[PDB]
Amino acid sequence: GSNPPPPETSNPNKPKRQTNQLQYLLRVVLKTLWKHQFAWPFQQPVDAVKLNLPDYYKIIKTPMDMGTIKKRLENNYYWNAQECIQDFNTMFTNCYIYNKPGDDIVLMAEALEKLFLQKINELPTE
Ligand SMILES: CCN1C(=O)c2cccc3c(NS(=O)(=O)c4cc(Br)ccc4OC)ccc1c23
């Protein structure tokens, strides 16, 4: 069972820009989540080979991770903050779809999602 190619972190013809909200998302929101104790399983694409998860990409068809999100923010992949947030929401949702209520990884994702939502409320006005 091979790995799919990871999600793109740059695209010539996908519209993109910088906003102060996207700056906040990188320097504050992503940074704090990256540093959290529970971040590590979310810091790179699911390696279905070496983690022995042969069914992962059978269930999950739109994978996302914080490694991808960080690269995207650094490269200014996004048009707005809402597109980035959708990538975080995809990451969390994948975890909840693939796993079961109360699983270790699900409990970690909920803790990260709680901190994310808190950080998201203090997002600059423009
Ligand atoms: C967050 C992405 N992700 C999973 O949804 C998932 C499910 C099961 C194992 C692993 C996984 N393998 S692991 O060795 O880091 C792992 C972490 C935790 Br927390 C609990 C169990 C486990 O492997 C069995 C890495 C990333 C993910 C998963």
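Numbers for residues simply follow the sequence, beginning at 1.
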Just by distance, no angles: are the side chains of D87 and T90 close enough, under 3.5 Å, to form a donor-acceptor pair? no

With a sphere of 6.0 Å drawn around NZ of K35, does it hold more than 12 non-hydrogen atoms of other residues, nucleotides or ligands? no

So which atom in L33 and which in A39 form the shortest heavy-atom distance, rounded to 0.1 Å? O-CB, 3.2 Å

Between the side chain of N3 and the main-chain N/O of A48, is any donor-acceptor distance below 3.5 Å? yes

Over 12 non-hydrogen atoms of neighbours within 6.0 angstrom of CD in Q118: no

Would you compute the distance between atom CG of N89 and atom CG of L117 and round it to the nearest 0.5 angstrom? 9.0 Å

Count the heavy atoms of every other residue, nucleotide or ligand shown that sit under 6.0 Å from NZ of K16, and state whether that count exceeds 12. yes

Is it true that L73 and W79 fall in one hydrophobic cluster, defined by side-chain heavy atoms closer than 4.5 Å? no

Mark yes or no for whether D47, through its side chain, and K50, through its backbone, hold a donor-acceptor pair below 3.5 Å. yes

Minimum heavy-atom distance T32-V29, with the two atoms named: OG1-O, 2.8 Å

Report yes if the side chains of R72 and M64 come closer than 4.5 Å at any heavy-atom pair, otherwise no. yes

Minimum heavy-atom separation for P124 to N20, with atom names? CB-ND2, 3.3 Å

Check whether any side-chain heavy atom of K119 lies under 4.5 Å from a side-chain heavy atom of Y24, and answer yes or no. yes

How does the hydrophobic cluster around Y56 look, that is, which other residues are in it when side-chain heavy atoms under 4.5 Å mark a link? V46, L51, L53, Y57, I59, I60, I97, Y98

Quick one: closest heavy-atom pair of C84 and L22, and the distance? CB-CD2, 4.1 Å

Taken to the nearest 0.5 Å, the spacing of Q82 CD from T19 OG1 works out to 12.0 Å

Extract all donor-acceptor atom pairs below 3.5 Å that involve side chains of residues 102-116 and protein atoms in other chains or at least two apart in sequence.
from : atom 1 : to   : atom 2 : distance (Å)
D103 : OD2    : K100 : N      : 2.7
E113 : OE1    : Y96  : OH     : 2.4

Name each donor-acceptor pair under 3.5 Å that joins a side chain in residues 4-12 to protein atoms two or more places apart or in another chain, with its distance.
from : atom 1 : to  : atom 2 : distance (Å)
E8   : OE1    : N11 : ND2    : 3.4
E8   : OE2    : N11 : ND2    : 3.2
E8   : OE2    : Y77 : OH     : 2.5
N11  : OD1    : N13 : N      : 3.1
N11  : OD1    : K14 : N      : 3.3

Under the criterion side chain to side chain contact (heavy atoms under 4.5 Å, CB included), I'd like the reasoning laid out for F88 against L30: C-alpha separation, chi angles, the key distance, then a yes or no. CA-CA 10 Å; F88 280 99; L30 184 279; 4.0 Å; yes

Minimum heavy-atom separation for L123 to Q21, with atom names? CD1-O, 3.5 Å

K70 to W34, cation-pi by 6.0 Å centre distance and 45° axis angle: yes

